[PDB]
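In the working numbering, the protein residues as written are 71 to 498. Cβ coordinates follow ideal geometry from the N, Cα and C atoms, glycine included. The structure under discussion appears below in the form of structure tokens.
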Ligand SMILES: [Ca+2]
Ligand SMILES: [Ca+2]
Ligand SMILES: [Ca+2]
């Protein structure tokens, strides 16, 4: 097994995603923007397995792997393909409504094992795929809920199913020598606060210790999956900097969380885990699909330096931060921009920047009353209401873009915004 599966391999390019990008480019009048979109279509994105049907629907898992083989033959070098394993029972428990098809109280764990993990493992075990590097991102929005959201019944009731399900997934995937396993661990705006950070380190250490190969059962962790938090806040590098008598982390946007960005957070987690007994061979991934924050939205353009307004900590932070969301918890259909392109080993301790969430795919439908004919499990979430307030702090708007289709479906208005706001900007 390699120390870093992203070194010496090219990323899988999903033709089904690229087809959507190119279709929009062909319908885009501005020749420069259209050319930028065509360039975007050449980049590598992860394949999401978000329900049992996803295993065989369309080209299916085998189809993507066969396509990866073709790209590998064509390129004359290894291909690394990223798969998102995302179907735990009581999935996304902190939402009032789960889009997940499996329920803990109705044989969810057992079905997760037999009908989701098992057939995935059988396909990945096919000797035909031995030449690939297969990266599996394990269950976004699962374990972090057990740190912060146990007050929510759906989360508290799912605890042991999450633990046993993730252990089962990793234990089975570890039997396949070219599978590289990264556990999802949210983002800095979720687990950055001291109590959450320590709670997460404790929890993930317990979860991994109980796996068959203990601390050797995984290859590392991933942050920022499907979120927008920047890699770096270059103009807020010191969370303890005093402005008007107070440290900048005390700003309303941060609420005393000292982690303003994903590099600080991912590297701190990695060091903490190594301190708990994980081998230094672990590496972190960060999803940079939508965290560039170029262009302008939410009443601001990207800052080009620390704010000149040192009159209050809020004025300073709000004028200095690259993440210009109204509130850090605003996760749905944000007017952000594409971030750093997928790349291997950008920093010591970081295995790669990856595009896990595929840019252009919706985070959720923007209003209730509309049922997805292909998945009646997908349900409107008020965080996606362009006219609504955040459920985490009602003083702030959701920031969600209007006219969004159901989650996973192509959202051309956001895709155009994501390309225009790319940082670094897309070059045709
Ligand atoms: Ca490694
Ligand atoms: Ca089965
Ligand atoms: Ca920083």
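Ordered list of beta strand (DSSP E) runs contained in the stretch 380 to 468, each at least 3 residues = Here the runs fully enclosed are 413 to 417, 420 to 424.
query = Out of curiosity, what's the CA-to-CA distance linking residue 210 and residue 252?
reply = So the alpha carbons of these two residues sit roughly 10 angstroms apart.
request  = Starting from the N-terminal end, write out each residue whose C-beta falls within a distance shorter than 7 angstroms of any non-hydrogen atom of ligand 2.
outcome  = In chain order, the residues with a C-beta atom nearer than 7 angstroms to some heavy atom of ligand 2 are 184, 185, 188, 189.
ask   = Going by DSSP, which residues form a beta bridge with residue 251?
value = Its beta-bridge partners are 206.
task = Below 8 angstroms CB to CB, which residues in the same chain sit around residue 310 once its five sequence neighbours on both sides are set aside?
result = Once the five neighbours on either side are set aside, the close Cβ partners of residue 310 are 317, 318, 319, 328.
key: Identity of the residues DSSP links to residue 357 by a beta bridge   = For residue 357, which the question treats as bridged, DSSP gives the partners 424.
request  = Could you please give me the residues that DSSP links to residue 317 through a beta bridge?
outcome  = Looking at the DSSP output, residue 317 shares a beta bridge with 312.
key: Span of the alpha helix (DSSP H) around residue 267   = Per DSSP, the unbroken alpha helix (DSSP H) holding residue 267 starts and ends at 264 to 279.
query = For the 8 angstroms Cβ check, are there 3 or more pairs between the stretch 347 to 363 and the stretch 393 to 412?
reply = Taking 8 angstroms as the limit for Cβ pairs, the verdict is that the stretch 393 to 412 does touch the stretch 347 to 363.
query = Of all residues in the structure, which have a C-beta closer than 5 angstroms to any heavy atom of ligand 1, taken in chain order?
reply = Those residues whose C-beta sits under 5 angstroms from the nearest heavy atom of ligand 1 are, from N- to C-terminal order along the chain, 73, 351, 353.
query = With burial defined as no fewer than 16 other Cβ atoms inside 10 Å of the residue's Cβ, what is the status of residue 161: buried or exposed?
reply = With a 10 Å radius around the Cβ and a threshold of 16 neighbouring Cβ atoms, residue 161 comes out buried.
inquiry  = Quick check on DSSP: helix, strand or coil for residue 158?
reply    = It is coil, neither helix nor strand.
task = List in chain order the residues whose CB is within less than 5 angstroms of at least one heavy atom of ligand 3.
result = Here the list is 331, 334.
key: Rounded distance between the beta-carbons of residue 497 and residue 109, thought under 8 angstroms   = The pair is a contact, with the Cβ atoms about 7 angstroms apart (cut-off 8 angstroms).
task = Taking the CB atoms as reference points, tell me whether residue 262 and residue 199 lie closer together than 7 angstroms.
result = Contact check for residue 262 against residue 199 fails: the beta carbons are separated by 7 angstroms or more.
Helix, strand or coil at residue 181 [DSSP, three-state] = Judged by DSSP in its simplified three-state form, residue 181 adopts helix.
message = Let's test the definition: count the other Cβ atoms within 10 Å of the Cβ of residue 428 and tell me whether it reaches 16, buried, or not, exposed.
response = With at least 16 other beta carbons inside 10 angstroms of its own, residue 428 counts as buried.
key: Reduced DSSP category for residue 260 - H, G, I as helix; E, B as strand; rest coil   = Assigned with DSSP and collapsed to three states, residue 260 falls in helix.
ask   = By Cβ distance, which residues of its chain are closer than 6 angstroms to residue 267, with the 5 residues on each side in sequence left out?
value = Shown here for residue 267: same chain residues with a beta carbon closer than 6 angstroms to its own, the five before and five after excluded, namely 261 in chain order.
ask   = Using DSSP with H/G/I as helix, E/B as strand and the rest coil, what is residue 151?
value = Of the three classes helix, strand and coil, the one that applies to residue 151 here is strand, per DSSP.
key: Bounding residues of the alpha helix (DSSP H) (the contiguous stretch that carries residue 87)   = Run containing residue 87: 85 to 96, per the alpha helix (DSSP H) assignment.
request  = Could you tell me the boundaries of the alpha helix (DSSP H) in which residue 245 lies?
outcome  = Counting along the chain, residue 245 falls outside any alpha helix (DSSP H), and DSSP gives it neither H nor E.
inquiry  = Which residue marks the beginning of the alpha helix (DSSP H) containing residue 218, and which one marks its end?
reply    = Its alpha helix (DSSP H) spans residues 213 to 218.
message = Please classify residue 235 as buried or exposed, where buried requires at least 16 other C-beta atoms within 10 Å of its C-beta.
response = Counting of Cβ neighbours within 10 angstroms places residue 235 among the buried residues, the total reaching 16 or more.
inquiry  = When you compare the CB positions of residue 269 and residue 217, do they come within less than 7 angstroms of one another, or not?
reply    = For the 7 angstroms CB-CB criterion, residue 269 and residue 217 form a contact.
request  = Ignoring anything shorter than 3 residues or poking outside the stretch 97 to 125, list the beta strand (DSSP E) runs there in chain order.
outcome  = Whole beta strand (DSSP E) segments, 3+ residues: 117 to 119.
task = Please report how far the alpha carbon of residue 227 lies from the alpha carbon of residue 146, in whole angstroms.
result = Rounded to the nearest angstrom, the gap between the Cα atoms of residue 227 and residue 146 is 49 angstroms.
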